[PDB]
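Down below is the structure, laid out as structure tokens.
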Amino acid sequence: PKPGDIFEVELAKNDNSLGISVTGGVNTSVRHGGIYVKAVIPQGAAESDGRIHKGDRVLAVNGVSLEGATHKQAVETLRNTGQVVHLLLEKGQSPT
């Protein structure tokens, strides 16, 4: 994977949750995804299912533009998904 690159990833629910711990807060249309996974929830489609790791960022959650989505709006959106979660993420920079 390359930096600042775009790619779609389809994952099938397992524990009734996408299995991704995202944090941040409000946004003023400054960051595309406007989100950044600080931690992971090893209890569903993450630890075992794998695929998803720390450092990435969720931008499009099933046609849900995260341009200025609120922390609660994003998270709740990550869990409130369908049988399939075809969301697009982005290789976060994370310089430090």
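All residue names refer to the structure tokens as shown: chains lettered A, B, ... in order, residues numbered from 1 in each chain, ligands numbered from 1 in order.
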
Near-residue 60 in chain A list (12 Å; only C-alpha atoms; drop same-chain fewer than 6 positions) as a list in words
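Near residue 60 in chain A, the qualifying residues are residues 6, 7, 8, 9, 10, 32, 33, 34, 35, 66, 67, 68, 69, 74, 77, 78, 85, 86, 87, 88, 89 and 90 of chain A.
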
Please produce an output containing N, CA, C and O atoms for each residue in the selection, written as a PDB file, in the first residue's frame.
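Final file, again-v8.pdb:
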ATOM      1  N   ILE A   6      -6.032   5.615  -2.100  1.00  0.00           N
ATOM      2  CA  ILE A   6      -7.423   5.233  -1.886  1.00  0.00           C
ATOM      3  C   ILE A   6      -7.666   3.786  -2.299  1.00  0.00           C
ATOM      4  O   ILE A   6      -7.160   3.329  -3.325  1.00  0.00           O
ATOM      5  N   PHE A   7      -8.445   3.071  -1.496  1.00  0.00           N
ATOM      6  CA  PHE A   7      -8.757   1.674  -1.778  1.00  0.00           C
ATOM      7  C   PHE A   7      -9.998   1.228  -1.011  1.00  0.00           C
ATOM      8  O   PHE A   7     -10.198   1.609   0.141  1.00  0.00           O
ATOM      9  N   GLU A   8     -10.829   0.418  -1.661  1.00  0.00           N
ATOM     10  CA  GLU A   8     -12.051  -0.078  -1.041  1.00  0.00           C
ATOM     11  C   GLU A   8     -11.835  -1.468  -0.449  1.00  0.00           C
ATOM     12  O   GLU A   8     -11.109  -2.289  -1.009  1.00  0.00           O
ATOM     13  N   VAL A   9     -12.471  -1.725   0.691  1.00  0.00           N
ATOM     14  CA  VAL A   9     -12.350  -3.015   1.360  1.00  0.00           C
ATOM     15  C   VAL A   9     -13.708  -3.516   1.839  1.00  0.00           C
ATOM     16  O   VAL A   9     -14.389  -2.844   2.614  1.00  0.00           O
ATOM     17  N   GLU A  10     -14.094  -4.699   1.374  1.00  0.00           N
ATOM     18  CA  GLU A  10     -15.372  -5.289   1.756  1.00  0.00           C
ATOM     19  C   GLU A  10     -15.187  -6.307   2.878  1.00  0.00           C
ATOM     20  O   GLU A  10     -14.398  -7.244   2.758  1.00  0.00           O
ATOM     21  N   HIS A  32     -10.607  15.020   4.718  1.00  0.00           N
ATOM     22  CA  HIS A  32     -11.469  14.178   3.894  1.00  0.00           C
ATOM     23  C   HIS A  32     -12.250  13.192   4.757  1.00  0.00           C
ATOM     24  O   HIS A  32     -13.444  13.371   4.995  1.00  0.00           O
ATOM     25  N   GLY A  33     -11.568  12.149   5.223  1.00  0.00           N
ATOM     26  CA  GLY A  33     -12.215  11.150   6.052  1.00  0.00           C
ATOM     27  C   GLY A  33     -12.706  11.720   7.369  1.00  0.00           C
ATOM     28  O   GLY A  33     -13.705  11.258   7.919  1.00  0.00           O
ATOM     29  N   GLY A  34     -12.001  12.727   7.877  1.00  0.00           N
ATOM     30  CA  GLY A  34     -12.385  13.343   9.133  1.00  0.00           C
ATOM     31  C   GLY A  34     -12.451  12.344  10.271  1.00  0.00           C
ATOM     32  O   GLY A  34     -13.226  12.515  11.212  1.00  0.00           O
ATOM     33  N   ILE A  35     -11.636  11.297  10.187  1.00  0.00           N
ATOM     34  CA  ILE A  35     -11.605  10.268  11.218  1.00  0.00           C
ATOM     35  C   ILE A  35     -10.245   9.581  11.269  1.00  0.00           C
ATOM     36  O   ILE A  35      -9.499   9.587  10.290  1.00  0.00           O
ATOM     37  N   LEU A  66     -17.813  11.052   5.071  1.00  0.00           N
ATOM     38  CA  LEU A  66     -17.350  11.462   6.392  1.00  0.00           C
ATOM     39  C   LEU A  66     -16.635  12.809   6.325  1.00  0.00           C
ATOM     40  O   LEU A  66     -15.743  13.089   7.125  1.00  0.00           O
ATOM     41  N   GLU A  67     -17.035  13.638   5.366  1.00  0.00           N
ATOM     42  CA  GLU A  67     -16.432  14.955   5.196  1.00  0.00           C
ATOM     43  C   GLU A  67     -16.455  15.736   6.507  1.00  0.00           C
ATOM     44  O   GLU A  67     -15.437  16.278   6.936  1.00  0.00           O
ATOM     45  N   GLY A  68     -17.625  15.791   7.137  1.00  0.00           N
ATOM     46  CA  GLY A  68     -17.758  16.509   8.391  1.00  0.00           C
ATOM     47  C   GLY A  68     -18.581  15.746   9.409  1.00  0.00           C
ATOM     48  O   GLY A  68     -19.150  16.338  10.326  1.00  0.00           O
ATOM     49  N   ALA A  69     -18.646  14.428   9.250  1.00  0.00           N
ATOM     50  CA  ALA A  69     -19.405  13.584  10.163  1.00  0.00           C
ATOM     51  C   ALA A  69     -18.844  13.664  11.579  1.00  0.00           C
ATOM     52  O   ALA A  69     -17.630  13.722  11.775  1.00  0.00           O
ATOM     53  N   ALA A  74     -20.037   8.892  13.016  1.00  0.00           N
ATOM     54  CA  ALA A  74     -19.179   7.927  12.341  1.00  0.00           C
ATOM     55  C   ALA A  74     -19.254   6.560  13.014  1.00  0.00           C
ATOM     56  O   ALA A  74     -19.677   5.578  12.404  1.00  0.00           O
ATOM     57  N   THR A  77     -22.252   4.782  12.774  1.00  0.00           N
ATOM     58  CA  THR A  77     -22.429   4.409  11.376  1.00  0.00           C
ATOM     59  C   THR A  77     -21.628   3.158  11.035  1.00  0.00           C
ATOM     60  O   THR A  77     -22.034   2.359  10.190  1.00  0.00           O
ATOM     61  N   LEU A  78     -20.488   2.993  11.697  1.00  0.00           N
ATOM     62  CA  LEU A  78     -19.629   1.837  11.465  1.00  0.00           C
ATOM     63  C   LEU A  78     -20.290   0.557  11.968  1.00  0.00           C
ATOM     64  O   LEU A  78     -20.140  -0.508  11.369  1.00  0.00           O
ATOM     65  N   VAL A  85     -19.942  -4.520   4.516  1.00  0.00           N
ATOM     66  CA  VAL A  85     -19.444  -3.176   4.782  1.00  0.00           C
ATOM     67  C   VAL A  85     -18.395  -2.765   3.754  1.00  0.00           C
ATOM     68  O   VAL A  85     -17.193  -2.890   3.994  1.00  0.00           O
ATOM     69  N   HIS A  86     -18.857  -2.274   2.608  1.00  0.00           N
ATOM     70  CA  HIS A  86     -17.958  -1.844   1.543  1.00  0.00           C
ATOM     71  C   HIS A  86     -17.562  -0.382   1.724  1.00  0.00           C
ATOM     72  O   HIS A  86     -17.958   0.481   0.939  1.00  0.00           O
ATOM     73  N   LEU A  87     -16.780  -0.110   2.762  1.00  0.00           N
ATOM     74  CA  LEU A  87     -16.331   1.249   3.048  1.00  0.00           C
ATOM     75  C   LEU A  87     -14.922   1.480   2.511  1.00  0.00           C
ATOM     76  O   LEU A  87     -14.121   0.550   2.418  1.00  0.00           O
ATOM     77  N   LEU A  88     -14.626   2.727   2.160  1.00  0.00           N
ATOM     78  CA  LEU A  88     -13.312   3.082   1.635  1.00  0.00           C
ATOM     79  C   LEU A  88     -12.464   3.763   2.704  1.00  0.00           C
ATOM     80  O   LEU A  88     -12.900   4.722   3.341  1.00  0.00           O
ATOM     81  N   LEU A  89     -11.248   3.261   2.895  1.00  0.00           N
ATOM     82  CA  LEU A  89     -10.336   3.822   3.885  1.00  0.00           C
ATOM     83  C   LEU A  89      -9.156   4.514   3.210  1.00  0.00           C
ATOM     84  O   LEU A  89      -9.030   4.491   1.986  1.00  0.00           O
ATOM     85  N   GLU A  90      -8.295   5.127   4.016  1.00  0.00           N
ATOM     86  CA  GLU A  90      -7.125   5.824   3.495  1.00  0.00           C
ATOM     87  C   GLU A  90      -5.924   5.633   4.416  1.00  0.00           C
ATOM     88  O   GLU A  90      -6.023   5.807   5.631  1.00  0.00           O
TER      89      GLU A  90
END

Please run DSSP on the backbone and report, as a ChimeraX atom specification, all residues within chain A that come out as strand (DSSP E).
/A:6-12,21-23,36-39,56-60,84-91

Do you know which residues are at most 12 Å from residue 94 in chain A counting only C-alpha atoms, after dropping those on the same chain fewer than 4 positions away, and could you put them as a list in words?
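Skipping anything fewer than 4 positions along the chain leaves residues 3, 4, 36, 37, 38, 54, 55, 56, 57 and 90 of chain A.
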
How would the residues just chosen look if you wrote them out with N, CA, C and O atoms as an mmCIF file, in the first residue's frame?
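Output saved as out11.cif:
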data_model
loop_
_atom_site.group_PDB
_atom_site.id
_atom_site.type_symbol
_atom_site.label_atom_id
_atom_site.label_comp_id
_atom_site.auth_asym_id
_atom_site.auth_seq_id
_atom_site.Cartn_x
_atom_site.Cartn_y
_atom_site.Cartn_z
ATOM 1 N N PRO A 3 1.195 5.662 0.444
ATOM 2 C CA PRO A 3 0.708 6.754 1.291
ATOM 3 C C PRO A 3 -0.337 7.611 0.588
ATOM 4 O O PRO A 3 -0.275 7.814 -0.624
ATOM 5 N N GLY A 4 -1.300 8.114 1.357
ATOM 6 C CA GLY A 4 -2.346 8.944 0.789
ATOM 7 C C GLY A 4 -3.016 8.295 -0.405
ATOM 8 O O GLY A 4 -3.406 8.976 -1.354
ATOM 9 N N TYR A 36 -9.931 8.988 12.415
ATOM 10 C CA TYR A 36 -8.660 8.296 12.594
ATOM 11 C C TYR A 36 -8.760 7.249 13.698
ATOM 12 O O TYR A 36 -9.014 7.573 14.857
ATOM 13 N N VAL A 37 -8.560 5.987 13.327
ATOM 14 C CA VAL A 37 -8.627 4.890 14.284
ATOM 15 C C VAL A 37 -7.455 4.938 15.259
ATOM 16 O O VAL A 37 -6.314 4.658 14.889
ATOM 17 N N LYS A 38 -7.744 5.295 16.505
ATOM 18 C CA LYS A 38 -6.715 5.379 17.536
ATOM 19 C C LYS A 38 -6.480 4.017 18.182
ATOM 20 O O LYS A 38 -5.353 3.676 18.540
ATOM 21 N N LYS A 54 -4.405 -0.737 12.726
ATOM 22 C CA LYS A 54 -4.278 0.628 13.223
ATOM 23 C C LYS A 54 -3.460 1.483 12.260
ATOM 24 O O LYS A 54 -2.520 1.001 11.630
ATOM 25 N N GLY A 55 -3.824 2.758 12.152
ATOM 26 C CA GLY A 55 -3.114 3.660 11.265
ATOM 27 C C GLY A 55 -3.970 4.127 10.105
ATOM 28 O O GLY A 55 -3.779 5.228 9.587
ATOM 29 N N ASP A 56 -4.915 3.290 9.695
ATOM 30 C CA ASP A 56 -5.804 3.623 8.588
ATOM 31 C C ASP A 56 -6.885 4.603 9.034
ATOM 32 O O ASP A 56 -6.953 4.975 10.205
ATOM 33 N N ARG A 57 -7.727 5.016 8.093
ATOM 34 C CA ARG A 57 -8.802 5.954 8.389
ATOM 35 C C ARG A 57 -10.013 5.691 7.499
ATOM 36 O O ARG A 57 -9.877 5.464 6.296
ATOM 37 N N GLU A 90 -8.295 5.127 4.016
ATOM 38 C CA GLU A 90 -7.125 5.824 3.495
ATOM 39 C C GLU A 90 -5.924 5.633 4.416
ATOM 40 O O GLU A 90 -6.023 5.807 5.631
#

Any chance you could list, as a list in words, the residues in chain A that come up alpha helix (DSSP H) when DSSP is run on the backbone?
residues 71, 72, 73, 74, 75, 76, 77, 78 and 79 of chain A

The selected residues should be written to file as a PDB file, in the first residue's frame (atoms: N, CA and C atoms).
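Final file, part-v8.pdb:
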ATOM      1  N   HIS A  71     -17.999  12.412  15.494  1.00  0.00           N
ATOM      2  CA  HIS A  71     -17.461  11.185  16.070  1.00  0.00           C
ATOM      3  C   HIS A  71     -18.573  10.171  16.325  1.00  0.00           C
ATOM      4  N   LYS A  72     -19.656  10.632  16.942  1.00  0.00           N
ATOM      5  CA  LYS A  72     -20.791   9.767  17.244  1.00  0.00           C
ATOM      6  C   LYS A  72     -21.492   9.322  15.964  1.00  0.00           C
ATOM      7  N   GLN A  73     -21.503  10.199  14.965  1.00  0.00           N
ATOM      8  CA  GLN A  73     -22.140   9.896  13.690  1.00  0.00           C
ATOM      9  C   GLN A  73     -21.362   8.824  12.934  1.00  0.00           C
ATOM     10  N   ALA A  74     -20.037   8.892  13.016  1.00  0.00           N
ATOM     11  CA  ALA A  74     -19.179   7.927  12.341  1.00  0.00           C
ATOM     12  C   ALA A  74     -19.254   6.560  13.014  1.00  0.00           C
ATOM     13  N   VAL A  75     -18.840   6.504  14.276  1.00  0.00           N
ATOM     14  CA  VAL A  75     -18.862   5.258  15.033  1.00  0.00           C
ATOM     15  C   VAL A  75     -20.197   4.540  14.873  1.00  0.00           C
ATOM     16  N   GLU A  76     -21.274   5.212  15.267  1.00  0.00           N
ATOM     17  CA  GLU A  76     -22.611   4.637  15.169  1.00  0.00           C
ATOM     18  C   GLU A  76     -22.886   4.142  13.751  1.00  0.00           C
ATOM     19  N   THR A  77     -22.252   4.782  12.774  1.00  0.00           N
ATOM     20  CA  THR A  77     -22.429   4.409  11.376  1.00  0.00           C
ATOM     21  C   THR A  77     -21.628   3.158  11.035  1.00  0.00           C
ATOM     22  N   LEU A  78     -20.488   2.993  11.697  1.00  0.00           N
ATOM     23  CA  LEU A  78     -19.629   1.837  11.465  1.00  0.00           C
ATOM     24  C   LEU A  78     -20.290   0.557  11.968  1.00  0.00           C
ATOM     25  N   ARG A  79     -21.021   0.670  13.072  1.00  0.00           N
ATOM     26  CA  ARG A  79     -21.705  -0.477  13.655  1.00  0.00           C
ATOM     27  C   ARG A  79     -23.046  -0.718  12.967  1.00  0.00           C
TER      28      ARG A  79
END

Hey, which of A:59, A:30, A:19, A:14 ends up closest to residue 47 in chain A? Count only C-alpha atoms.
A:19

Between A:41, A:29, A:5, A:17, single out the one closest to residue 53 in chain A, counting only C-alpha atoms.
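That would be A:41, the residue with the smallest distance to residue 53 in chain A.
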
Find the residue from A:92, A:23, A:61, A:15 that sits nearest to residue 48 in chain A; use only C-alpha atoms when measuring.
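The answer is A:15, which sits nearest to residue 48 in chain A.
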
So which residues touch residue 70 in chain A within 8 Å, counting only C-alpha atoms, skipping near sequence neighbours fewer than 4 positions away, as a PyMOL selection string?
chain A and resi 25-27+74
